[PDB]
Amino acid sequence: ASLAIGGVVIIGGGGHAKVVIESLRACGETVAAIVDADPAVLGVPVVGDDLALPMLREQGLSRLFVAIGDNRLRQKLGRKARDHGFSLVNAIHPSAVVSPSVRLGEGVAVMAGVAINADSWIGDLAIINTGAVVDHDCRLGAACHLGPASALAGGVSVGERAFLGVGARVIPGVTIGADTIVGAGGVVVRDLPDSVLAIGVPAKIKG
Amino acid sequence: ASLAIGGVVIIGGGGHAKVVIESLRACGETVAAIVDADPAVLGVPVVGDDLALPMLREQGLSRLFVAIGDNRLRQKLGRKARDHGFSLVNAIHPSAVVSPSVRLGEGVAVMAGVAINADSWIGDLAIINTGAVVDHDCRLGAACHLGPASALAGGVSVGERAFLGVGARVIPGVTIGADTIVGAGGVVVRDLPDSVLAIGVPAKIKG
Amino acid sequence: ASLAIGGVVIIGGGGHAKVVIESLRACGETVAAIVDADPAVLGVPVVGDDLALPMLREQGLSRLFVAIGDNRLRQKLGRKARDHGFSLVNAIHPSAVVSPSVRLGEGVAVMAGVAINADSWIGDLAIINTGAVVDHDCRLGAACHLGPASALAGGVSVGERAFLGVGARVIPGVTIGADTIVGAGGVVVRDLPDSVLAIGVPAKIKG
Ligand SMILES: CC(C)(COP(=O)(O)OP(=O)(O)OC[C@H]1O[C@@H](n2cnc3c(N)ncnc32)[C@H](O)[C@@H]1OP(=O)(O)O)[C@@H](O)C(=O)NCCC(=O)NCCS
Ligand SMILES: CC(C)(COP(=O)(O)OP(=O)(O)OC[C@H]1O[C@@H](n2cnc3c(N)ncnc32)[C@H](O)[C@@H]1OP(=O)(O)O)[C@@H](O)C(=O)NCCC(=O)NCCS
Ligand SMILES: CC(C)(COP(=O)(O)OP(=O)(O)OC[C@H]1O[C@@H](n2cnc3c(N)ncnc32)[C@H](O)[C@@H]1OP(=O)(O)O)[C@@H](O)C(=O)NCCC(=O)NCCS
Ligand SMILES: C[C@H]1O[C@H](OP(=O)(O)OP(=O)(O)OC[C@H]2O[C@@H](n3cnc4c(=O)[nH]c(N)nc43)[C@H](O)[C@@H]2O)[C@@H](O)[C@@H](O)[C@@H]1N
Ligand SMILES: C[C@H]1O[C@H](OP(=O)(O)OP(=O)(O)OC[C@H]2O[C@@H](n3cnc4c(=O)[nH]c(N)nc43)[C@H](O)[C@@H]2O)[C@@H](O)[C@@H](O)[C@@H]1N
Ligand SMILES: C[C@H]1O[C@H](OP(=O)(O)OP(=O)(O)OC[C@H]2O[C@@H](n3cnc4c(=O)[nH]c(N)nc43)[C@H](O)[C@@H]2O)[C@@H](O)[C@@H](O)[C@@H]1N
Ligand SMILES: [Cl-]
Ligand SMILES: [Cl-]
Ligand SMILES: [Cl-]
């Protein structure tokens, strides 16, 4: 496991990691290595599992991204990475449009084709996936995930670890609780509590 | 109310105004002032209500944008602005793709991530909101509003002041009447008359 | 029918052709001529029907695009063009984001605002229409058509000549058979066989 000086360490080596790697390279960043629970991905070597993090830090790598789709796991691994002395970078594709009044956390993925409008706040470890739209004055909690082609109208709040499937939509002013799942294509027209699953047009809670 | 020379006056100081301000600045335009019925927004001073328009014109400002979401109101205020001697500019985000055969009116908002294809006609005071798609040979009436992430297939006609909610879709060749509302996520598969509300997949008129 | 040296020949002169012409011009390509079964389109001369292909080749034109929406017809005309000695170019709008690990066939249309992510494979004569999203590890069969604003999540396979209408969505890992149609707005949550029509949220086969 000999590595170049100064690139980004990736936690996770799956399909999401592939996209993240390409976003980072599109920005001229170098990806140093992957750590994966199954101890290459688009040419990036897998050097071990998370027990390899101290070794990576020791050799001077200090920048990291958590490329894990599962929200609760991603959040846990981000904490672990920070404990081990890594800084969480953001992976923002060059094609994404992020308004200058947007507040970004750390460890955030913003994929190709995204637009994020004025005065939106994006928590640590959020994923804003390919082609998603976030309108003005939105609030995205830590470790939430807006799936590909999803869209939030203005003033929408998304709780920690919530997940919106491909093409989900939320109308203005709606609040979605922590740990909630909106199925693919769901159209959310009223506030959703924590820890529910909602599907359909309009979205309805499924027990 | 002392102002710089030569920028754009904005009617409206809400969330839509924020997005419009950022589109204009992204193009290197200067925003001079806001007039708002409640007499700053992202650093632009609110100088009064619409009774301040003559004063603004008198001091040499002549370029204006109406950043009001409500379609009928926007249309009325655009007329008022023109009567007071202002020219209505367009607010086209740099990231929008507007085909070279598109005909644009005046006072049109075209947000980040939009694509508008060949031989489409876009009426005065239309809003083409964030990430929306307008396919070839479309006709958008004055003061209509295509909401974020909405999409029109080819040959679609949208009447004056119609409103398509977040993620609405229209199949090829459909005509939607003036003053009609398509709810968020509605999928329009047949012509809609004037002054109706249609929701669902497929969209159905709700009395 | 006198033509400049070296441009692209277009089969088809309809609305799709208009969009394709503009994509090619946006890349600095020249469009030489159209052949259309009704023997100009945005300034490109219509020189005859497909019986004019040998004459075009004879005068030195060797690059061609098939701008025909109907998938089975497009596929047949692509074969005819190749038999007549033409190379099928791709028509990729400058604004499209095509990952560097994507495999592209020939005769592929990739419209404005598209994003295609890592390790996706795109067959000959596919159409990836305006604003569509193709996530990582997707497989698009020859002559399929992803309509405007459609979206595929990760690991989706689309069979030859399949058609997804405006705003259709497919969840991860789903396979859609050859010659299948997903209606506008359909949300595909399970594999679809060949030669079916599926509509709704979730999409259901209609006999
Ligand atoms: C809603 C969802 C979470 C349900 O998953 P699940 O509980 O494993 O459900 P199943 O696949 O077993 O389907 C259960 C039922 O839900 C229906 N259903 C599934 N997904 C649906 C959706 N998105 N909208 C409406 N109905 C849906 C099914 O048709 C089935 O109905 P039945 O009881 O009549 O058959 C899932 O289908 C989904 O939408 N995932 C989105 C994933 C995504 O986009 N990932 C992108 C990542 S980047
Ligand atoms: C359709 C719409 C206009 C209805 O507004 P409203 O009449 O105030 O309706 P309500 O919120 O009181 O809901 C009334 C009913 O319609 C249903 N409904 C609401 N919006 C719906 C939609 N978009 N699709 C399907 N059903 C919808 C509700 O579930 C409720 O059903 P019930 O009678 O079983 O409860 C609205 O919900 C909508 O879609 N707005 C889109 C706004 C938008 O996108 N703005 C972005 C601006 S840039
Ligand atoms: C599904 C589709 C193929 C059906 O076409 P069709 O069989 O000619 O159907 P019709 O227009 O005669 O409508 C038949 C019925 O299907 C319903 N329907 C039509 N399209 C529907 C859709 N996309 N989703 C749900 N229901 C739909 C109709 O409401 C009607 O219902 P009814 O029997 O209660 O009236 C078509 O409406 C469609 O979605 N086309 C998408 C085209 C597209 O996007 N082109 C873009 C090209 S770039
Ligand atoms: C955002 C996306 O989320 C999902 O992508 P994903 O890349 O996270 O999922 P997978 O392709 O299954 O890959 C998960 C990877 O995550 C690894 N992994 C799983 N658990 C751990 C962990 O504890 N530590 C580390 N270092 N790695 C772990 C797995 O061993 C595996 O290689 C899929 O649902 C995609 O369809 C979706 N694009
Ligand atoms: C396009 C969008 O439309 C809506 O946005 P919006 O910015 O128009 O709406 P609001 O945030 O309520 O702001 C409306 C603003 O418009 C002002 N206003 C309302 N009436 C007038 C008027 O007559 N003249 C002037 N000069 N201003 C007027 C209000 O006092 C208020 O500041 C919301 O529904 C957003 O969610 C949506 N993005
Ligand atoms: C991708 C899109 O597909 C469809 O567009 P399209 O451009 O193929 O369809 P149309 O506008 O009817 O044009 C089809 C053109 O295709 C021509 N055509 C049809 N059959 C042939 C053929 O055999 N050879 C040649 N050379 N041309 C043929 C027709 O004479 C006509 O000019 C429409 O459904 C659009 O709404 C959609 N954007
Ligand atoms: Cl690298
Ligand atoms: Cl300014
Ligand atoms: Cl040309």
Side-chain angles (χ1 to χ4, degrees), chain A residues 93-102 110-120 128-138 146-156 164-174 182-190 198-204, chain B residues 13-26 31 40-44 67 69 93-97 109-115 127-133 145-151 163-169 181-187 198-204 206:
Chain A
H93 193 277
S95 73
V97 178
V98 183
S99 137
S101 54
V102 170
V110 182
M111 272 59 179
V114 164
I116 308 175
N117 289 342
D119 274 338
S120 292
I128 317 304
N129 224 143
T130 308
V133 167
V134 176
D135 206 352
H136 59 90
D137 299 299
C138 291
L146 301 195
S150 61
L152 313 182
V156 169
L164 284 68
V166 58
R169 296 136 303 170
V170 185
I171 77 171
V174 166
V182 179
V187 175
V188 185
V189 308
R190 102 163 286 114
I199 58 171
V201 181
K204 293 201 351 166
Chain B
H16 184 63
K18 294 181 180 184
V19 182
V20 169
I21 290 163
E22 293 192 332
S23 287
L24 292 166
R25 293 175 170 159
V31 184
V41 180
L42 294 176
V44 181
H93 193 277
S95 73
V97 178
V110 182
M111 272 59 179
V114 164
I127 301 167
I128 317 304
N129 224 143
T130 308
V133 167
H145 181 184
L146 301 195
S150 61
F163 173 59
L164 284 68
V166 58
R169 296 136 303 170
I181 300 168
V182 179
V187 175
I199 58 171
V201 181
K204 293 201 351 166
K206 187 179 184 189

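In what follows, chains are A, B, ... by sequence order, proteins preceding strands, each numbered from 1. Basis for what follows: all heavy atoms, side chains included, without hydrogens, waters or symmetry-related copies.
- Closest heavy-atom contact between B:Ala112 and A:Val97: CB-CG1, 3.9 Å.
- Residue A:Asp135 comes nearest to B:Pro148 through the heavy atom pair OD2-CG, 3.6 Å, listed as atom of the first residue, atom of the second, then distance.
- Interatomic distance, A:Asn117 CG to B:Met111 CE, rounded to the nearest 0.5 Å: 7.0 Å.
- Nearest heavy atoms, A:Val133 versus B:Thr130: CG1-CG2, 3.8 Å.
- Interface remark: B:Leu42 contributes side-chain atoms only to the contact with chain A (heavy atom separation under 4.5 Å).
- Here the NE2-CD1 distance, from A:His136 to B:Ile21, works out to 12.0 Å after rounding to the nearest 0.5 Å.
- Interface remark: A:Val114 contributes no atoms to any contact with chain B (heavy atom separation under 4.5 Å).
- Your options are A:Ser150, A:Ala153, A:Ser101, and the one with the most heavy-atom pairs under 4.5 Å with chain B is A:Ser101.
- Among all heavy-atom pairs drawn from B:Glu22 and A:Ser99, the shortest one is OE1-OG, 2.6 Å.
- With a 4.5 Å cut-off on side-chain heavy atoms, A:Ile171 and B:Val166 count as touching.
- Looking at B:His16, the atoms closer than 4.5 Å to chain A (heavy atoms on both sides) all sit in the backbone: N, CA, C or O.
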